[PDB]
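See structure below.
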Amino acid sequence: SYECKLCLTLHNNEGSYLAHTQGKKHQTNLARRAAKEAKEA
Amino acid sequence: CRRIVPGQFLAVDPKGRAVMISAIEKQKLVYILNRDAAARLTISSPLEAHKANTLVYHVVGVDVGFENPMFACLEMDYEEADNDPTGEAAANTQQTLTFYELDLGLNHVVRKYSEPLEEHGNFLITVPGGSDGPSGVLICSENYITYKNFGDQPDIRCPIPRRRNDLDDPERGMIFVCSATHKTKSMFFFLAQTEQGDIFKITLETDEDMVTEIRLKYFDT
Amino acid sequence: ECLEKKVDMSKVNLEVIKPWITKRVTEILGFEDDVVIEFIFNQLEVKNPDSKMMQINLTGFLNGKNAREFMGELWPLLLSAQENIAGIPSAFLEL
Amino acid sequence: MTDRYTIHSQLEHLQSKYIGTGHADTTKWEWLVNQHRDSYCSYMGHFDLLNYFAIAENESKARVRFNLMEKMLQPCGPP
Amino acid sequence: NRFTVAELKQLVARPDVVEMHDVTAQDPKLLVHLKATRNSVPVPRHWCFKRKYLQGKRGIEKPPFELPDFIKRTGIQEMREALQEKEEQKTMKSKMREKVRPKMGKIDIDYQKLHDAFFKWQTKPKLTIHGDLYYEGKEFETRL
Amino acid sequence: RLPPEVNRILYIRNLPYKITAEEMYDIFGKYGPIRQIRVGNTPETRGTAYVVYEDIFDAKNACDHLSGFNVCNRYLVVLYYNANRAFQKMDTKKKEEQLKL
Amino acid sequence: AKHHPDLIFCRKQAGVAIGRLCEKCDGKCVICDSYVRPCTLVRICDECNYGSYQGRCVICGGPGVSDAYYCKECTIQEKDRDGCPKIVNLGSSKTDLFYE
Amino acid sequence: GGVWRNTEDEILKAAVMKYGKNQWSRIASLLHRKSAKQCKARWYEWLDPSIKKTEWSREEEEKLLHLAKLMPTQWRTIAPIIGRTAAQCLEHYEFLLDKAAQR
Amino acid sequence: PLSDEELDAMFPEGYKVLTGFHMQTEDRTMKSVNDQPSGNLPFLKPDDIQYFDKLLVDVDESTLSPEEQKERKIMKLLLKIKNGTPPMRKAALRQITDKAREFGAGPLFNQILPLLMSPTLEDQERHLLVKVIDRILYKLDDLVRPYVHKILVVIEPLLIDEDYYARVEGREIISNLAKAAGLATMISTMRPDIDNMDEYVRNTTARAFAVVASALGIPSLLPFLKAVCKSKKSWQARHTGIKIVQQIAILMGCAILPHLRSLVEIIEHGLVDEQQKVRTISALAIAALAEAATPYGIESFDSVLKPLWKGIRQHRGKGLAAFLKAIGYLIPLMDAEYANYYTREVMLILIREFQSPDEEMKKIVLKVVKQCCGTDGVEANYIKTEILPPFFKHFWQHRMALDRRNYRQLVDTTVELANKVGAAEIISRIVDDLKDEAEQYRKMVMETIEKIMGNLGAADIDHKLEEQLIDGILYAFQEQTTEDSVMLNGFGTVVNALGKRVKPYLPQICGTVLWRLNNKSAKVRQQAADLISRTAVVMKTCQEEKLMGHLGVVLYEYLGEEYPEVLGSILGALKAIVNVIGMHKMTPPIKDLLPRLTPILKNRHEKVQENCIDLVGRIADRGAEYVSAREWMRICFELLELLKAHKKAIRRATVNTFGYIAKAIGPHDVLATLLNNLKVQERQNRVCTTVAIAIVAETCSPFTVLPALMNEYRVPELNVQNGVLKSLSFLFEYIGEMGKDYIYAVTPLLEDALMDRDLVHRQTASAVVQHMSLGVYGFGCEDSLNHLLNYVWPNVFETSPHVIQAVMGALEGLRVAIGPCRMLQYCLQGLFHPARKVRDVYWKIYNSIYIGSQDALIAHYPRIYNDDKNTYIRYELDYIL
Amino acid sequence: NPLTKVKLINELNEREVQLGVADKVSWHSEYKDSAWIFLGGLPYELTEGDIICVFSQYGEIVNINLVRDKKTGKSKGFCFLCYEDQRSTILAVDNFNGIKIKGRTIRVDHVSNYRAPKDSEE
RNA sequence: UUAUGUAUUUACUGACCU
Ligand SMILES: [Zn+2]
Ligand SMILES: [Zn+2]
Ligand SMILES: [Zn+2]
């Protein structure tokens with residue numbers, strides 16, 4: 001089974017994963033972890 | 001050795017037609033024994049005599065000569081004894097002699113008679129009846145022996161003979177431990193036994209078909 | 001509460017008690033039945049009856065007010081007749 | 001009179017008619033009194049625990065059975 | 001009505017078990033008596049959590065399974081991996097062709113080696129006593 | 001002939017909002033005598049009506065030959081209402097013999 | 001059974017009448033509901049064996065063929081020493097399928 | 001029925017990314033409900049990356065309201081002319097704008 | 001006829017009273033109004049737009065919105081249940097049961113009840129609606145108190161309904177309504193439906209009282225029956241109450257017995273009443289009670305025999321018929337003197353009433369003859385002189401074969417007359433009518449003969465009569481129209497009774513069958529093949545194997561059929577021949593019989609599959625030397641597609657054939673097949689190859705399957721891992737006490753399975769722990785189980801129902817293995833825990849321990865010290881010698 | 001009970017037409033040799049002539065027999081009819097069974113013996 | 001970032017089922 005690893009979310013099949021690329025934007029809430037990565041832009 | 005399922009107390013009809021196996025609480029069973037044409041023993045389905053919240057101290061076969069079989073048992077109902085925190089409600093909760101009559105015509109067990117007791121009896125003794133004797137149940141108890149039989153017999157009390165001045169009693173009662181009925185083809189007697197070993201010869205001497213008075217004597221030790 | 005001082009129907013008559021109860025239930029629900037008057041009969045057949053079960057099964061037909069006042073009427077008549085060796089309550093001893 | 005204590009039984013989910021089982025809201029006193037009653041019927045049930053208890057006093061076996069039997073009504077004390 | 005962990009911890013002969021919820025019981029003294037009775041095992045750690053006992057095992061990837069050694073010394077792992085790897089190359093053409101014309105004797109290992117591995121070479125595993133209940137980490141705390 | 005068809009009633013659905021009072025009297029006294037009508041108040045029920053007659057055959061005339069009849073420009077559908085309920089069981093009526101018959 | 005969780009057992013006192021299973025359910029255990037190791041006959045109560053209901057299947061209520069049994073795993077758990085295992089109600093299966 | 005939920009839309013996007021344009025049986029071979037006709041129908045009707053599936057302009061609306069008067073039906077002839085081109089996005093525009101020109 | 005007061009009492013609120021020519025149309029004002037509502041939901045039929053009318057408009061939930069749309073979101077739910085796809089059905093149905101306490105009984109029942117009270121329902125819609133009602137009766141306990149009567153006036157005609165399952169639905173929900181509404185609500189509710197004028201509601205209220213009497217016991221309402229039956233203002237009340245007594249007797253059969261006496265003393269206040277209806281139903285109630293008692297309570301009926309005797313002497317009409325049913329049911333309960341006396345002076349009335357025209361009295365005397373000749377009294381020559389000749393004169397007609405309750409009663413009485421008189425006396429009176437031209441009448445005569453000759457035997461039939469019945473059953477077998485088996489089973493039972501005396505009829509029969517097996521292909525070829533399967537038994541025990549070898553080879557090539565139901569009976573016949581001959585001595589030998597059966601095995605019809613693998617199973621264990629041993633391999637790829645077969649007898653026979661194929665060719669080729677089968681996505685196809693893995697395990701011992709089955713837990717797929725755990729479940733369940741050797745090999749597997757995140761892993765490993773726990777009991781393996789208990793025990797809090805019942809079965813299976821002491825040690829310090837969520841689960845684990853072993857816990861309880869008022873120390877255990 | 005016999009004699013013909021029983025053995029071959037039929041449940045307003053008018057549709061009834069009571073009554077409720085031909089009785093028991101005249105539903109069956117003055121089912 | 005309520009697929013369970 002398939003897992004969004006930053007998301008920590010499980011997925012039964014393939015189209016359950018690659019339709020989880022749009023909701024719950026931790027995908028851009030890694031801007032906080034990028035601000036911890038670098039204190040500027 | 002559970003509390004609810006039967007097996008502790010076992011009574012049988014003296015003619016040999018039923019048998020009751022009973023627990024110390026809540027549930028009793030009656031099998032109906034017969035014989036079929038190979039002279040072979042057969043057993044019916046177990047009849048039920050369930051009665052909730054009920055202790056049973058002893059059970060015994062009441063002799064009734066080719067009548068509906070009856071079983072006598074010393075019961076005690078304790079639900080008001082455990083509902084009342086005052087403590088005195090469980091102090092005045094005397095036993096009941098109860099008679100279960102098996103309607104062979106209707107194939108079930110009914111509580112026929114239920115009479116309280118002014119002391120706590122511990123075990124019962126069958127009296128032979130039908131044609132042989134005054135059909136009933138003796139009731140042994142602390143410092144007493146009592147013939148009770150339902151319907152018309154007044155309750156006959158006989159206080160148990162203590163010894164002369166035996167030095168074991170500050171305050172202690174005296175019970176029986178054995179029954180040992182005997183049927184000598186003229187009369188019938190009972191070799192009862194107190195807890196020290198003092199066998200008594202209890203004889204029922206009845207002027208009517210009703211009992212009149214009971215009497216006993218120090219047989220041996 | 002007051003319905004728990006026990007009764008023994010061997011101590012009481014019943015054929016003198018029925019017309020009062022018929023008259024009361026004709027007062028209570030207005031008209032006449034039989035099956036509730038025969039409820040009174042058949043519930044009071046048993047020698048040591050129960051008053052709480054009586055009150056439930058009359059609360060069903062009647063209001064739950066009228067069952068309450070009916071038990072508070074009917075149970076002291078049973079006690080006032082079972083005290084007496086005659087078996088008759090005070091409303092029918094005096095009248 | 002009475003009020004609103006109409007609770008005759010309900011959905012027969014498991015029928016725990018085995019007395020002594022107990023449920024979630026079972027107090028200390030209730031399961032200890034079931035524990036004492038099961039202990040007493042197992043004492044007089046087995047012959048040999050009744051032997052062991054009769055040796056400790058000098059009381060005979062019917063004395064011990066009558067004592068154990070009359071204690072099964074209220075063994076722990078009043079509620 | 002609910003006397004707190006101070007007094008309840010003062011009363012009990014073993015105060016080392018009374019917790020922050022035992023005050024909120026419906027009978028505290030027997031609860032911390034049975035909590036301090038001798039050989040009991042406690043309630044699992046996840047009765048109060050929010051995570052349904054193992055839904056915290058999300059993103060960690062773990063090895064498949066270590067076979068015990070007496071099974072691995074039969075060669076069944078190597079034969080089985082070999083024919084799985086050979087079967088991963090087959091198309092449906094040959095998977096349906098060798099369904100009706102089957103080559104057999106693919107494994108045919110022996111019966112005496114397997115009998116010896118379960119009967120001569122049986123290994124007692126590493127068990128545990130009855131107290132050692134399982135919680136969620138429990139094998140990543142191998143630091144003891 | 002026809003018992004199992006409930007009559008003296010006629011459910012009317014998809015009826016215009018411009019019905020002031022008169023047009024239901026028109027269409028439903030056109031076929032025979034009327035008992036009355038029911039006009040809704042909820043904007044659901046506004047636009048959906050009942051009509052009750054004193055005659056069975058007039059309700060048959062209505063429902064046999066007004067099905068999908070187009071009117072002021074929304075065609076209505078007719079059915080037979082189902083009487084199933086009440087709200088108050090009427091009581092203490094006398095309705096004595098009184099020597100009328 | 002264990003599969004249909006809404007089926008209720010009779011659970012009254014087991015008489016002398018030996019239980020029977022239909023032809024569709026021969027070999028099934030009654031409680032654990034499996035096929036292997038039958039060890040103990042089924043005794044059913046007299047109300048669930050009366051008149052029209054004699055020799056009828058314990059589970060299906062179809063016409064019985066062979067005798068019914070408990071597993072060894074029901075026996076040694078003493079799941080045979082409770083009431084009679086005659087499944088009473090027919091609920092939510094083989095009813096809607098009849099309506100389908 | 002042709003319901004076309006998301007877990008087949010995204011697999012169709014992956015399949016058209018892999019296989020191609022005039023090759024539809026080979027990508028209906030992995031969808032368990034759909035035929036190749038329905039795959040063509042969706043990937044040109046909804047999933048085509050040229051479809052500007054939002055952003056109603058003002059030039060195209062004044063275009064279509066006297067383009068759907070030239071040829072009054074026929075929203076597959078005037079769909080490539082408008083270029084909104086989903087041929088029902090045009091019908092959405094035309095019925096929405098004749099609701100808003102009525103109200 | 002109406003007035004305006006009844007009129008606005010009738011209608012709901014939200015309402016107020018108050019040639020030709022051509023031109024054109026124009027573009028409209030968009031006459032496109034909604035007729036079906038706003039969603040996907042279902043389609044609405046034109047009759048459902050009163051009940052679901054409020055859904056065609058959108059609420060937009062505000063400004064028309066109290067909580068009431070929440071209590072008419074149930075309108076959407078009833079529409080989704082009544083007319084929807086089954087996912088929508090179970091979705092809406094689970095939703096309405098989970099919120100049934102939230103919606104309340106008011107809105108929910110006053111929408112459900114007028115929907116059922118529509119004249120345009122359907123049996124499946126009635127089924128789904130009564131499903132909705134009984135599913136909301138578990139949740140609305142003690143809340144249907146106003147709504148009992150409004151449920152009953154809908155539900156009650158389910159009791160008198162035609163189809164049986166609708167009657168069972170009626171009885172079950174009135175029993176649930178009885179246990180939910182208590183008792184006083186019932187007596188309050190259904191009393192005014194006694195005196196009511198309509199006999200439909202009066203009969204149906206009587207049956208409703210009977211079913212609530214069964215659900216709540218007789219003596220709760222026995223004063224009510226005693227009340228309503230002695231009421232004397234209108235006879236309809238007495239008729240109704242005695243009808244109640246009748247249906248209580250016919251509902252709960254022998255559980256009326258301990259209340260019988262106090263129940264029969266009601267009924268004898270009837271039988272003397274002035275209405276013939278009341279006396280008639282009092283006799284019918286006595287007949288139901290006497291049917292129900294059987295054979296008990298005869299001295300409880302002794303107050304009834306004198307009015308029954310006076311009634312049968314003085315009356316004539318239907319009161320005589322009810323009295324006659326009553327005495328016919330009584331006299332088997334009676335001792336032999338009084339029974340023989342009442343028999344010998346009721347036979348005169350029965351001979352007087354064989355002339356009777358009415359059909360119900362024909363049914364009643366046809367029942368009375370069954371019981372009044374079974375006892376001891378009526379001797380044989382009396383019966384065969386004048387009981388049976390007018391019997392066969394007046395009852396063996398054609399119309400009594402048509403009516404099914406007159407069909408089966410007549411044949412079941414004719415069998416009893418054959419029990420008393422003899423075999424050939426009845427048979428020789430009806431054997432000539434196996435040659436009749438009514439199919440139902442030949443069916444009746446054949447069922448009569450098969451029951452007689454199965455009960456008694458065939459020794460009484462001479463050689464002047466067995467040819468009569470042989471030609472009778474041959475003519476009857478040749479000319480049947482229907483697909484019934486009754487004449488097939490009749491043929492089989494007859495020839496099994498004749499035994500070896502059928503020897504000069506086997507040429508006639510086998511000639512008739514072999515010619516009979518061509519016949520236009522007109523489906524009387526499964527009659528010929530079924531007849532071969534039925535008479536295959538009698539030819540071995542009659543020293544005939546030449547003609548067995550003759551029709552074995554004929555059935556070898558009638559198996560190339562295109563009709564499936566022909567070929568299924570062919571395979572059934574060939575199966576019966578393979579049994580009745582040896583396998584290794586049969587004329588189409590198994591070397592070239594099984595290869596004909598391997599392409600038959602790819603035929604997806606259920607009958608052909610079923611018979612084919614029964615035959616392949618017998619060949620695969622008893623004849624495995626007739627192959628290539630390549631051939632068994634290329635059919636054990638056929639037995640995987642021979643799963644997924646919707647009959648469960650196929651699926652449990654094919655796993656046996658895997659076991660036998662394995663014992664032939666070894667468990668390393670069949671098992672790689674069954675392990676490639678474990679990745680399919682389909683149950684019915686993975687659980688039944690898991691079972692086959694356990695079969696190939698236990699036949700050819702594990703250590704032949706268990707290394708590879710232990711290996712394939714390492715394959716990273718969900719299905720194969722749950723498959724090897726489920727196969728360990730079935731394996732330990734099958735092998736039992738051989739689990740003493742393999743428990744250390746699978747404990748490191750089950751610790752990983754119970755340690756795993758997914759809960760299906762944990763439920764399957766818990767089932768394995770259970771079966772292993774019961775298989776190693778008493779062998780000293782209580783250390784491994786106490787290890788695995790530490791991993792089972794945290795699964796206690798799971799609320800998925802399958803995994804909670806799997807772990808709770810595992811705990812009550814570990815009770816006996818490691819002890820009640822160890823399980824009681826784990827139950828303690830959590831029975832009293834503050835959360836109820838943990839407390840109730842540990843109390844039901846403790847209840848399973850307590851009822852599982854109550855006495856063994858006595859040593860194992862903790863010590864609990866004394867508080868202020870109570871003594872909690874069991875002192876008797878504590879003191880010493 | 002008084003008119004479930006209507007349902008039973010109707011279920012006879014419905015089960016024959018269901019099973020397809022030929023007319024040689026279609027139950028009327030037992031009530032051969034009898035042109036008599038028992039009526040049942042007539043209204044008491046029915047004279048002899050009105051019964052002849054309704055049941056003469058399949059042939060003029062030769063011998064009618066109402067059960068007029070002895071002195072105090074006028075009609076009890078039966079009638080027996082004897083037609084010309086027995087097939088008229090077949091037609092009448094098929095066609096006139098379960099029709100209803102002025103309220104009450106009537107029934108027809110064969111007789112096969114004689115004019116029995118009172119035995120049959122009131 | 002644990003989490004809800006729901007619209008809602010997809011997977012999975014019970015040797016479920018003619
Ligand atoms: Zn089992
Ligand atoms: Zn039962
Ligand atoms: Zn079955």
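Labels for the structure tokens follow display order: chains A, B, ..., residues from 1 in each chain, ligands from 1.
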
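Residues from chain B that have an atom within 10 Å of chain I, counting only C-alpha atoms, are residues 1, 2, 3, 4, 103, 104, 105, 106, 107, 108, 109 and 110 of chain B.
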
Name all residues at most 8 Å from residue 403 of chain I (count only C-alpha atoms (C1' of nucleotides); drop same-chain ones fewer than 3 positions away) and give them as a compact mmCIF listing (two decimals) with C-alpha atoms, in the first residue's frame.
# COMPACT_ATOMS: atom_id res chain seq x y z
CA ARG I 399 -60.62 -32.87 -6.28
CA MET I 400 -59.00 -34.05 -3.09
CA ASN I 406 -56.61 -32.10 1.21
CA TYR I 407 -53.75 -33.66 -0.72
CA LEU J 8 -61.88 -23.42 -2.50
CA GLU J 11 -58.95 -22.58 -6.45
CA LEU J 12 -59.91 -25.95 -7.94

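The coordinates place atom CA of residue 71 of chain B at 10.3 Å from atom CA of residue 14 of chain B.
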
Select all residues from chain K having any atom no more than 10 Å from an atom of chain I (counting only C-alpha atoms (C1' of nucleotides), ignoring ligands), output as a PyMOL selection string. chain K and resi 11-15+17-18

For C-alpha atoms (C1' of nucleotides), I'd like the residues from the last selection saved as a PDB file, in the first residue's frame.
ATOM      1  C1'   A K  11      -9.664  -1.595  -0.209  1.00  0.00           C
ATOM      2  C1'   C K  12     -10.772  -5.425   3.600  1.00  0.00           C
ATOM      3  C1'   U K  13     -13.413  -8.998   6.871  1.00  0.00           C
ATOM      4  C1'   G K  14     -17.129 -13.342   8.283  1.00  0.00           C
ATOM      5  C1'   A K  15     -15.474 -21.377   4.735  1.00  0.00           C
ATOM      6  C1'   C K  17     -25.539 -16.515   0.900  1.00  0.00           C
ATOM      7  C1'   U K  18     -29.570 -19.818  -4.048  1.00  0.00           C
TER       8        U K  18
END

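Between atom CA of residue 245 of chain I and atom CA of residue 214 of chain I lies a distance of 11.4 Å.
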
Shell of 7 Å around ligand 1 (only C-alpha atoms (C1' of nucleotides) and all ligand atoms), written as a PDB file with N, CA, C and O atoms, in the first residue's frame:
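Contents of pocket_9.pdb, as written:
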ATOM      1  N   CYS G  29     -20.277 -27.861  12.615  1.00  0.00           N
ATOM      2  CA  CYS G  29     -20.529 -27.733  14.036  1.00  0.00           C
ATOM      3  C   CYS G  29     -21.595 -26.684  14.273  1.00  0.00           C
ATOM      4  O   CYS G  29     -21.897 -25.870  13.405  1.00  0.00           O
ATOM      5  N   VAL G  30     -22.174 -26.695  15.460  1.00  0.00           N
ATOM      6  CA  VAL G  30     -23.284 -25.783  15.674  1.00  0.00           C
ATOM      7  C   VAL G  30     -22.814 -24.454  16.257  1.00  0.00           C
ATOM      8  O   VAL G  30     -23.328 -23.396  15.886  1.00  0.00           O
ATOM      9  N   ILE G  31     -21.802 -24.467  17.115  1.00  0.00           N
ATOM     10  CA  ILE G  31     -21.382 -23.236  17.764  1.00  0.00           C
ATOM     11  C   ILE G  31     -20.170 -22.655  17.043  1.00  0.00           C
ATOM     12  O   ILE G  31     -20.254 -21.568  16.462  1.00  0.00           O
ATOM     13  N   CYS G  32     -19.038 -23.375  17.046  1.00  0.00           N
ATOM     14  CA  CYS G  32     -17.851 -22.891  16.343  1.00  0.00           C
ATOM     15  C   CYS G  32     -17.986 -22.972  14.838  1.00  0.00           C
ATOM     16  O   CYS G  32     -17.229 -22.301  14.133  1.00  0.00           O
ATOM     17  N   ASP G  33     -18.890 -23.813  14.351  1.00  0.00           N
ATOM     18  CA  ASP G  33     -19.357 -23.831  12.965  1.00  0.00           C
ATOM     19  C   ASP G  33     -18.250 -24.226  11.987  1.00  0.00           C
ATOM     20  O   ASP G  33     -17.968 -23.536  11.010  1.00  0.00           O
ATOM     21  N   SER G  34     -17.629 -25.358  12.253  1.00  0.00           N
ATOM     22  CA  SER G  34     -16.624 -25.920  11.380  1.00  0.00           C
ATOM     23  C   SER G  34     -16.913 -27.388  11.154  1.00  0.00           C
ATOM     24  O   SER G  34     -17.930 -27.918  11.592  1.00  0.00           O
ATOM     25  N   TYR G  70     -21.062 -31.201  18.178  1.00  0.00           N
ATOM     26  CA  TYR G  70     -20.190 -30.110  18.565  1.00  0.00           C
ATOM     27  C   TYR G  70     -18.767 -30.497  18.194  1.00  0.00           C
ATOM     28  O   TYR G  70     -18.466 -31.684  18.053  1.00  0.00           O
ATOM     29  N   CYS G  71     -17.889 -29.507  18.040  1.00  0.00           N
ATOM     30  CA  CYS G  71     -16.471 -29.774  17.828  1.00  0.00           C
ATOM     31  C   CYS G  71     -15.838 -30.399  19.060  1.00  0.00           C
ATOM     32  O   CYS G  71     -16.452 -30.518  20.115  1.00  0.00           O
ATOM     33  N   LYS G  72     -14.565 -30.759  18.940  1.00  0.00           N
ATOM     34  CA  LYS G  72     -13.805 -30.920  20.169  1.00  0.00           C
ATOM     35  C   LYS G  72     -13.525 -29.574  20.804  1.00  0.00           C
ATOM     36  O   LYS G  72     -13.445 -29.478  22.028  1.00  0.00           O
ATOM     37  N   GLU G  73     -13.399 -28.521  20.003  1.00  0.00           N
ATOM     38  CA  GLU G  73     -13.106 -27.221  20.580  1.00  0.00           C
ATOM     39  C   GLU G  73     -14.338 -26.580  21.183  1.00  0.00           C
ATOM     40  O   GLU G  73     -14.216 -25.642  21.969  1.00  0.00           O
ATOM     41  N   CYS G  74     -15.527 -27.037  20.823  1.00  0.00           N
ATOM     42  CA  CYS G  74     -16.678 -26.614  21.597  1.00  0.00           C
ATOM     43  C   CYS G  74     -16.844 -27.479  22.824  1.00  0.00           C
ATOM     44  O   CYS G  74     -17.360 -27.017  23.843  1.00  0.00           O
TER      45      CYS G  74
END

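The space separating atom CA of residue 71 of chain H from atom CA of residue 91 of chain H comes to 13.4 Å.
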
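Among all protein and nucleic acid residues, the ones that lie within 10 Å of ligand 3 when counting only C-alpha atoms (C1' of nucleotides) and all ligand atoms are residues 20, 21, 22, 23, 24, 25, 26, 27, 28, 30, 56, 57, 58, 59, 60, 61, 62, 63, 64, 65 and 68 of chain G.
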
Could you name the residues that touch segment 8-22 of chain A at 6 Å or less, counting only C-alpha atoms (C1' of nucleotides), but leaving out those on the same chain fewer than 4 positions away, as a PyMOL selection string? (chain A and resi 1-4) or (chain E and resi 59) or (chain H and resi 7) or (chain K and resi 11)

Please check which protein, DNA or RNA residues sit within 10 Å of ligand 2, counting only C-alpha atoms (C1' of nucleotides) and all ligand atoms, and write them as a ChimeraX atom specification. /G:9-15,43-50,58,83-88

Enumerate as an MDAnalysis selection string the residues belonging to chain B that approach chain G to within 12 Å, with only C-alpha atoms taken into account. chainID B and resid 5 27:32 42:50 107

Write out as a PyMOL selection string all residues of chain H that DSSP puts in alpha helix (DSSP H) for this structure's backbone. chain H and resi 6-18+25-28+36-45+59-64+79-82+89-100

Non-local contacts of residue 59 of chain H (12 Å; only C-alpha atoms (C1' of nucleotides); under 6 positions in same chain excluded) as number ranges by chain: H: 65-67, 82-84

Selection near residue 104 of chain J, 10 Å with only C-alpha atoms (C1' of nucleotides), sequence-local residues under 6 positions removed, as a ChimeraX atom specification: /J:3,41-43,98

Pull the closest atom pair for each residue of chain E that gets at most 12 Å from chain A, along with the distance in Å to one decimal, counting only C-alpha atoms, ordering rows by chain and then ascending residue number, as CSV.
residue,atom,partner,partner_atom,distance
E:55,CA,A:10,CA,10.3
E:56,CA,A:8,CA,9.4
E:57,CA,A:8,CA,9.6
E:58,CA,A:8,CA,6.0
E:59,CA,A:8,CA,5.8
E:60,CA,A:5,CA,9.0
E:61,CA,A:3,CA,10.3

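Using only C-alpha atoms (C1' of nucleotides), the chain G residues found within 12 Å of chain K amount to residues 1, 2, 3, 4, 5, 24, 28, 32, 33, 34, 35, 92, 93, 94, 95, 96, 97, 98, 99 and 100 of chain G.
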